[PDB]
Number of protein chains: 2
Amino acid sequence: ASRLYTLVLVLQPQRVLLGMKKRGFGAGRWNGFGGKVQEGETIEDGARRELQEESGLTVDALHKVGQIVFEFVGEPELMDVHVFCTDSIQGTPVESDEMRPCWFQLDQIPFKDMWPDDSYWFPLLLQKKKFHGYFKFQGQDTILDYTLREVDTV
Amino acid sequence: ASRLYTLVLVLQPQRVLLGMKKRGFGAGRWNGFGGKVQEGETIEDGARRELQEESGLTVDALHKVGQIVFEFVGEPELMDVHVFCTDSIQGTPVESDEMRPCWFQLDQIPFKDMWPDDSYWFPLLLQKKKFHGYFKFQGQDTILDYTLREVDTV
Ligand SMILES: C[C@H](Oc1cc(-c2cnn(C3CCNCC3)c2)cnc1N)c1c(Cl)ccc(F)c1Cl
Ligand SMILES: C[C@H](Oc1cc(-c2cnn(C3CCNCC3)c2)cnc1N)c1c(Cl)ccc(F)c1Cl
Ligand SMILES: [Cl-]
Ligand SMILES: [Cl-]
């Protein structure tokens, strides 16, 4: 009962790219780039595709950095989120009707306007750690319970 | 907002001692031996004392093997349980009005008539692993959420 999603962080030595969702769901928050994985498509290919669609950037190799499972109380489907990082990109970030990308210096990451789980796992990503997490949500703003640990193998 | 408790498992190569609580709280289940720690008493001394009180056995050195925190929904105080093991004891187990001790072969540990958290951490103890756990209970029979991991240092 899990649906695959990807999440991509463009993390460079002094800054990280995030996107402000402008409409529909998740509007108002900063987040990484990603989406659903297609039938017959690899998870990594889906991650590369969604990075382009949402940010305008072209990535070659993506690196696996985490897996997070989200449970939403009252919803049957779990989200199985495969998290990736890259430092090398081509192109410059594109603002669209859906998404407004911006670079953040690492000390200015806007945690108060990001999903609450990011406060837990993003700091691991910044120190080049890999992780497995599980977050149980009630609505969009409340973590009821979670687990998180560093791993050697994603 | 945590209260200290001890829990002692007499674990020998082929068998483990458990006690059937005969009355009051916990009646009807098999469990290890322990209780509250006194003012001015070390946690280990409290563990040794309670092993004698509840089982009739004298232990010298106890070995630290785990820490488990219990939360009961609707109750303010958490239980901070310090878990110990020993293989060497003196005396023979004593049945009292409060407790009926019995030896169990390791393949016959009565998990269905033990507290539900034991199904998670007891197998770690059997393989000489050390652990930190947290269990959130609703009533006596339902684990709502938990975390458990092996540790090098209790
Ligand atoms: C990028 C975003 O990240 C998060 C979303 C959420 C989240 C919270 N609520 N939702 C709802 C749950 C009800 N179904 C629609 C998404 C999604 C929590 N933490 C995140 N890091 C996201 C979204 Cl919108 C949708 C699927 C995802 F896998 C992710 Cl990572
Ligand atoms: C030996 C027993 O072990 C467990 C008790 C419980 C438990 C479940 N409910 N309770 C109630 C909670 C309400 N306050 C009285 C104890 C205790 C769960 N798992 C255990 N392994 C126990 C008891 Cl009765 C009391 C305090 C403890 F620290 C332990 Cl380990
Ligand atoms: Cl995100
Ligand atoms: Cl027990």
Q.
7 Å along Cα→Cβ for the label point: how many nanometres lie between residue A:98 and each equivalent label in the other copies, listed shortest first?
A. 6.6
Q | In order through the stretch B:67-72: 3J(HN,Hα) via Karplus (6.51 cos²θ - 1.76 cosθ + 1.60), integer Hz, x for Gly, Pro | A | 9, 10, 9, 10, 10, 10
**Q.** Most positive-pole-ward Cα, A:67, B:31, A:85, against dipole of the protein assembly as shown from beta carbon charges
**A.** A:85
Q. For the stretch A:111-117, what does the Karplus curve 6.51 cos²θ - 1.76 cosθ + 1.60, with θ = phi - 60°, yield as ³J(HN,Hα) per residue in whole Hz, taken in order and with x for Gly and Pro?
A. 3, 5, 10, 10, 4, x, 4
Q) Highest GNM mean-square fluctuation, chain A, Cα pairs closer than 10 Å: which of A:87, A:45, A:97? A) A:97
Q. So which residue, out of A:107, A:141, A:118, gets the largest mean-square fluctuation from a GNM of chain A using Cα contacts under 10 Å as springs?
A. A:107
**Q.** Integer Hz, Karplus 6.51/-1.76/1.60 couplings in order for the stretch A:43-53, x for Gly and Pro
**A.** 4, 4, 4, x, 5, 5, 4, 5, 4, 4, 4
Q | Longest to shortest principal axis, alpha-carbon extents of chain A, angstrom | A | 40, 39, 36
Q: Specify, per residue and in Å³, the volume enclosed by the convex hull of the alpha carbon atoms belonging to the protein assembly as shown.
A: 179 Å³
**Q.** 21 Å Cα-Cα reach of residue A:64 towards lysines, excluding residues that sit fewer than 8 places from it in its own chain
**A.** A:36, A:128, A:129, A:130
**Q.** Calculated label separations, residue B:45, copies of the chain, 7 Å along the beta-carbon direction, nm
**A.** 6.9
Q) Sorted from fewest to most neighbouring beta carbons within 10 Å, what does the list A:23, A:48 look like? A) A:23, A:48
Q: Considering only chain B, pick the residue with its Cβ nearest the axis of the rotation onto chain A, and state the distance in whole Å.
A: B:145, 2
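Don't worry about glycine lacking a Cβ; one is built from the backbone with ideal geometry, like all the others, and counts go over all protein chains shown. Throughout, read-outs are computed from the coordinates displayed, never taken from laboratory work.
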